[PDB]
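Here is the file run_33.cif (mmCIF, C-alpha atoms).
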data_upload
#
loop_
_atom_site.label_atom_id
_atom_site.label_comp_id
_atom_site.auth_asym_id
_atom_site.auth_seq_id
_atom_site.Cartn_x
_atom_site.Cartn_y
_atom_site.Cartn_z
CA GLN W 443 59.07 50.65 -23.76
CA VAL W 444 55.85 48.71 -23.21
CA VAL W 445 55.86 48.49 -27.03
CA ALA W 446 59.50 47.22 -26.84
CA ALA W 447 58.71 44.74 -24.04
CA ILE W 448 56.05 43.22 -26.29
CA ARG W 449 57.68 43.31 -29.76
CA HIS W 450 57.59 39.48 -29.90
CA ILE W 451 53.82 39.64 -29.15
CA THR W 452 52.99 42.18 -31.85
CA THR W 453 55.20 40.29 -34.32
CA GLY W 454 53.60 36.98 -33.40
CA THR W 455 56.49 34.75 -32.35
CA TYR W 456 54.13 32.62 -30.19
CA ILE W 457 51.58 32.54 -33.01
CA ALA W 458 54.34 31.07 -35.24
CA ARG W 459 55.32 28.49 -32.59
CA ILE W 460 51.67 27.52 -32.14
CA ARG W 461 51.20 27.02 -35.88
CA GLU W 462 54.58 25.48 -36.71
CA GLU W 463 55.01 23.22 -33.64
CA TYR W 464 52.05 22.87 -31.28
CA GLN W 465 49.35 22.61 -33.95
CA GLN W 466 51.46 19.90 -35.67
CA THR W 467 51.12 17.61 -32.65
CA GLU W 468 49.32 14.42 -33.57
CA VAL W 469 46.42 14.04 -31.13
CA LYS W 470 43.74 11.40 -30.66
CA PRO W 471 40.18 12.21 -31.87
CA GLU W 472 39.10 13.03 -28.30
CA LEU W 473 41.50 16.01 -28.20
CA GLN W 474 40.95 17.10 -31.81
CA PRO W 475 38.10 19.51 -30.95
CA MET W 476 40.33 21.20 -28.39
CA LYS W 477 43.13 21.47 -30.97
CA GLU W 478 40.73 23.14 -33.44
CA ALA W 479 39.35 25.51 -30.75
CA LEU W 480 42.92 26.54 -29.86
CA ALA W 481 43.64 27.26 -33.54
CA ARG W 482 40.62 29.62 -33.57
CA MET W 483 41.88 31.33 -30.35
CA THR W 484 45.29 31.77 -32.04
CA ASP W 485 43.73 33.38 -35.15
CA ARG W 486 41.60 35.60 -32.81
CA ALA W 487 44.73 36.82 -30.97
CA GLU W 488 46.54 37.57 -34.27
CA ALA W 489 43.47 39.37 -35.64
CA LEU W 490 43.08 41.55 -32.52
CA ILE W 491 46.79 42.47 -32.57
CA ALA W 492 46.33 43.49 -36.27
CA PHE W 493 43.21 45.48 -35.37
CA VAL W 494 45.32 47.59 -32.96
CA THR W 495 48.67 47.78 -34.85
CA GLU W 496 47.06 48.72 -38.18
CA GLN W 497 45.69 51.91 -36.58
CA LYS W 498 49.32 53.15 -36.46
CA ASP W 499 48.59 54.81 -33.14
CA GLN W 500 51.45 54.41 -30.71
CA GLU W 501 49.45 55.65 -27.71
CA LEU W 502 46.71 53.11 -28.42
CA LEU W 503 49.26 50.29 -28.75
CA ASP W 504 50.86 51.25 -25.46
CA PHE W 505 47.43 51.40 -23.77
CA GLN W 506 46.32 48.01 -25.17
CA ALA W 507 49.72 46.29 -24.82
CA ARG W 508 48.98 44.25 -21.71
CA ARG W 509 45.61 43.11 -23.21
CA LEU W 510 47.37 41.94 -26.38
CA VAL W 511 49.85 40.02 -24.20
CA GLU W 512 46.91 38.44 -22.29
CA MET W 513 45.07 37.65 -25.53
CA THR W 514 48.15 35.76 -26.66
CA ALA W 515 48.73 34.08 -23.28
CA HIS W 516 45.26 32.47 -23.40
CA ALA W 517 46.11 30.79 -26.72
CA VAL W 518 49.63 29.71 -25.63
CA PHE W 519 48.53 28.48 -22.20
CA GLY W 520 45.69 26.50 -23.81
CA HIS W 521 48.17 24.68 -26.02
CA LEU W 522 50.41 23.82 -23.03
CA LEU W 523 47.41 22.27 -21.31
CA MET W 524 46.34 20.44 -24.51
CA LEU W 525 49.85 18.93 -24.64
CA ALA W 526 49.48 17.82 -21.01
CA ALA W 527 46.14 16.14 -21.84
CA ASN W 528 47.69 14.49 -24.91
CA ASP W 529 50.36 12.96 -22.66
CA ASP W 530 47.70 11.88 -20.10
CA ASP W 531 44.03 11.82 -21.14
CA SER W 532 43.08 11.83 -17.42
CA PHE W 533 43.65 15.60 -17.70
CA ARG W 534 41.43 16.12 -20.77
CA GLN W 535 38.24 17.12 -18.87
CA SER W 536 40.18 19.63 -16.76
CA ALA W 537 41.95 20.99 -19.86
CA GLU W 538 38.60 21.43 -21.58
CA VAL W 539 37.33 23.55 -18.65
CA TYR W 540 40.50 25.71 -18.73
CA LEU W 541 39.81 26.11 -22.51
CA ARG W 542 36.40 27.64 -21.64
CA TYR W 543 38.08 30.05 -19.25
CA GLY W 544 40.57 31.08 -21.92
CA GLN W 545 37.77 31.49 -24.47
CA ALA W 546 35.72 33.63 -22.05
CA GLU W 547 38.68 35.82 -21.22
CA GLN W 548 39.66 36.24 -24.87
CA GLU W 549 36.09 37.30 -25.67
CA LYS W 550 36.10 39.98 -22.92
CA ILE W 551 39.41 41.35 -24.23
CA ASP W 552 38.37 41.22 -27.91
CA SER W 553 35.03 43.02 -27.18
CA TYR W 554 36.70 45.71 -25.06
CA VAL W 555 39.56 46.43 -27.46
CA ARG W 556 37.30 46.51 -30.52
CA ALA W 557 34.75 48.82 -28.81
CA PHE W 558 37.42 51.17 -27.43
CA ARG W 559 37.47 54.68 -28.92
CA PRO W 560 41.10 55.94 -29.30
CA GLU W 561 39.81 59.49 -28.60
CA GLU W 562 39.41 58.33 -24.97
CA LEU W 563 43.19 58.62 -24.52
CA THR W 564 45.16 61.82 -23.72
CA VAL G 445 40.17 3.28 -13.74
CA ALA G 446 42.82 5.27 -15.56
CA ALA G 447 42.09 8.03 -13.01
CA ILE G 448 41.74 5.81 -9.91
CA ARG G 449 45.10 4.10 -10.44
CA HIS G 450 47.05 7.37 -10.92
CA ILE G 451 45.34 8.68 -7.73
CA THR G 452 46.29 5.64 -5.63
CA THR G 453 49.78 5.67 -7.23
CA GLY G 454 50.42 9.39 -6.60
CA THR G 455 52.34 9.65 -9.88
CA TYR G 456 51.49 13.31 -10.58
CA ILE G 457 52.10 14.36 -6.97
CA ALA G 458 55.54 12.68 -7.30
CA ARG G 459 55.97 14.33 -10.71
CA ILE G 460 55.41 17.84 -9.33
CA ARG G 461 57.70 17.31 -6.35
CA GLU G 462 60.56 15.48 -8.00
CA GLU G 463 60.46 17.20 -11.40
CA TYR G 464 58.54 20.49 -11.51
CA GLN G 465 59.44 21.72 -8.01
CA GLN G 466 63.13 20.92 -8.59
CA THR G 467 63.29 23.45 -11.41
CA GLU G 468 65.05 26.48 -10.06
CA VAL G 469 63.01 29.47 -11.24
CA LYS G 470 63.79 33.18 -11.47
CA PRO G 471 63.65 34.88 -8.02
CA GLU G 472 60.54 36.83 -9.02
CA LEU G 473 58.67 33.52 -9.57
CA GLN G 474 59.66 31.97 -6.24
CA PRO G 475 56.38 33.09 -4.61
CA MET G 476 54.43 31.41 -7.35
CA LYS G 477 56.58 28.29 -7.00
CA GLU G 478 55.77 28.19 -3.26
CA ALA G 479 52.00 28.76 -3.79
CA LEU G 480 52.06 25.87 -6.30
CA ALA G 481 53.75 23.61 -3.75
CA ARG G 482 50.86 24.35 -1.35
CA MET G 483 48.29 23.56 -4.08
CA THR G 484 50.13 20.27 -4.52
CA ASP G 485 50.00 19.61 -0.77
CA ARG G 486 46.26 20.39 -0.75
CA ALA G 487 45.64 17.90 -3.55
CA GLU G 488 47.69 15.23 -1.76
CA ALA G 489 45.82 15.92 1.49
CA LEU G 490 42.38 15.63 -0.14
CA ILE G 491 43.35 12.41 -1.90
CA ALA G 492 44.48 11.00 1.47
CA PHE G 493 41.22 12.11 3.06
CA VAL G 494 39.37 9.87 0.57
CA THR G 495 41.81 6.94 0.22
CA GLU G 496 42.39 6.48 3.99
CA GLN G 497 38.72 5.59 4.31
CA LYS G 498 39.42 2.32 2.39
CA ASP G 499 36.11 2.71 0.64
CA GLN G 500 36.28 1.79 -3.05
CA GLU G 501 32.79 3.19 -3.84
CA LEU G 502 33.80 6.55 -2.35
CA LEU G 503 37.05 6.66 -4.30
CA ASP G 504 35.15 5.74 -7.47
CA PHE G 505 32.63 8.47 -6.79
CA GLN G 506 35.36 11.07 -6.10
CA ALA G 507 38.01 9.94 -8.62
CA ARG G 508 37.26 12.62 -11.26
CA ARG G 509 37.25 15.36 -8.62
CA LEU G 510 40.58 14.15 -7.22
CA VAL G 511 42.10 14.18 -10.72
CA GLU G 512 40.75 17.75 -11.25
CA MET G 513 42.13 18.75 -7.87
CA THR G 514 45.54 17.50 -8.95
CA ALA G 515 45.22 19.03 -12.45
CA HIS G 516 45.04 22.55 -10.99
CA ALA G 517 48.48 22.01 -9.40
CA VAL G 518 49.93 20.29 -12.50
CA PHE G 519 48.57 22.91 -14.92
CA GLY G 520 49.71 25.67 -12.57
CA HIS G 521 53.32 24.47 -12.79
CA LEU G 522 53.21 24.40 -16.60
CA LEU G 523 52.04 28.02 -16.63
CA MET G 524 54.71 29.02 -14.09
CA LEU G 525 57.32 27.57 -16.44
CA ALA G 526 55.82 29.60 -19.33
CA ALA G 527 56.14 32.74 -17.20
CA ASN G 528 59.68 31.78 -16.14
CA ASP G 529 60.55 31.69 -19.86
CA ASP G 530 58.82 35.01 -20.55
CA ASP G 531 58.04 37.56 -17.86
CA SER G 532 55.37 39.02 -20.20
CA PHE G 533 53.28 36.06 -19.06
CA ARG G 534 53.78 36.42 -15.29
CA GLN G 535 50.60 38.40 -14.67
CA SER G 536 48.52 36.00 -16.81
CA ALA G 537 50.05 33.00 -15.02
CA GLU G 538 49.18 34.61 -11.63
CA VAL G 539 45.57 35.10 -12.66
CA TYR G 540 45.30 31.47 -13.82
CA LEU G 541 46.83 30.34 -10.46
CA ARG G 542 44.19 32.30 -8.55
CA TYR G 543 41.52 30.59 -10.70
CA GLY G 544 43.07 27.17 -9.91
CA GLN G 545 43.19 28.04 -6.21
CA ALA G 546 39.53 29.05 -6.22
CA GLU G 547 38.56 25.85 -8.04
CA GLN G 548 40.67 23.71 -5.65
CA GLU G 549 38.84 25.31 -2.70
CA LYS G 550 35.46 24.35 -4.17
CA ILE G 551 36.52 20.73 -4.83
CA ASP G 552 38.08 20.45 -1.36
CA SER G 553 34.97 21.78 0.41
CA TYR G 554 32.66 19.57 -1.68
CA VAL G 555 34.63 16.34 -1.13
CA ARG G 556 35.06 17.01 2.62
CA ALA G 557 31.30 17.78 2.91
CA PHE G 558 30.30 14.43 1.34
CA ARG G 559 28.02 11.95 3.13
CA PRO G 560 26.41 8.83 1.52
#
Can you present the structure in this file as structure tokens?
Amino acid sequence: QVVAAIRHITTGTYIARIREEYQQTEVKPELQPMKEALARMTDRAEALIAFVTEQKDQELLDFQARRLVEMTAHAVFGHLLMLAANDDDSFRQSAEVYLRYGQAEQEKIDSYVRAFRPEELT
Amino acid sequence: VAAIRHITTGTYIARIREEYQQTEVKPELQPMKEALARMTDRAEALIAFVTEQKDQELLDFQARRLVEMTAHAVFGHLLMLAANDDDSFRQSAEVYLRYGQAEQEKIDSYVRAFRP
């Protein structure tokens, strides 16, 4: 159900779009660091999803589902904003601050999910 | 200079209103669409607050802030569209909008508090 609603997240359809389309965008040097940071956020999302799914614990997946969605959203959103800044560099500084937000939020999620003991669930 | 001209042009304010806001979204995203329109209005209002003073030093001083102010509205629309395409992202988009709103409030208060 929650698992079903997020099958595209666990499978990594946005991860594929990021890698196959968004990361192929030619950007100027000024946006290149942001592009590389977003690639790392994408790998971090994929890795955290794997961390959860490889436990083969359906209750855990259901519990962590919304966090895995969020983890992915930070990477996707960051790319949408990078593309906006590529189209108009006036938005680069703002995009860079949103990147920090996404990085902070991904870190909170990653730390929580990785520290979580599955025995906590009933 | 790139900033200042966009600001005095209004291009991104026009962009949100003529393009982004003309997208018909799912009914469940209509509240977000309306909140974004108000963020756009707030940006426009703050820009007018500066530009109506006909003070080029002030506009130069505030130009980056005015672009940031606008960026929260622009970025917000892009995330709404992401959520319109995938309801999985609605909650995340809402949180980002609240962040943008909070940041807009800080820029607005700062700019309107300015004295030389």
**Message:** Residues of chain G within 12 Å of chain W, counting all atoms listed in the file, what are they? List them as an MDAnalysis selection string.
**Reply:** chainID G and resid 445:451 455:456 507:527 530:541 543:544 547:548
**Message:** If the PyMOL selection byres ((chain G and resi 552) around 12) were run on this exact file, what residues would it hold? Put them as a PyMOL selection string.
**Reply:** chain G and resi 483+485-494+506+509-514+544-551+553-558
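We find atom CA of residue 469 of chain G and atom CA of residue 482 of chain G to be spaced 16.5 Å apart.
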I'd like the residues picked by the PyMOL selection byres ((chain W and resi 495-507) around 8) written out as a PDB file with C-alpha atoms, keeping the file's coordinate frame, using the chain letters and numbers from the file.
ATOM      1  CA  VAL W 444      55.850  48.710 -23.210  1.00  0.00           C
ATOM      2  CA  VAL W 445      55.860  48.490 -27.030  1.00  0.00           C
ATOM      3  CA  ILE W 448      56.050  43.220 -26.290  1.00  0.00           C
ATOM      4  CA  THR W 452      52.990  42.180 -31.850  1.00  0.00           C
ATOM      5  CA  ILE W 491      46.790  42.470 -32.570  1.00  0.00           C
ATOM      6  CA  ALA W 492      46.330  43.490 -36.270  1.00  0.00           C
ATOM      7  CA  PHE W 493      43.210  45.480 -35.370  1.00  0.00           C
ATOM      8  CA  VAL W 494      45.320  47.590 -32.960  1.00  0.00           C
ATOM      9  CA  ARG W 508      48.980  44.250 -21.710  1.00  0.00           C
ATOM     10  CA  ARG W 509      45.610  43.110 -23.210  1.00  0.00           C
ATOM     11  CA  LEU W 510      47.370  41.940 -26.380  1.00  0.00           C
ATOM     12  CA  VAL W 511      49.850  40.020 -24.200  1.00  0.00           C
ATOM     13  CA  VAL W 555      39.560  46.430 -27.460  1.00  0.00           C
ATOM     14  CA  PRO W 560      41.100  55.940 -29.300  1.00  0.00           C
ATOM     15  CA  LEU W 563      43.190  58.620 -24.520  1.00  0.00           C
TER      16      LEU W 563
END
**Asked** So how many Å separate atom CA of residue 481 of chain G and atom CA of residue 542 of chain W, to one decimal?
**Response** 25.2 Å
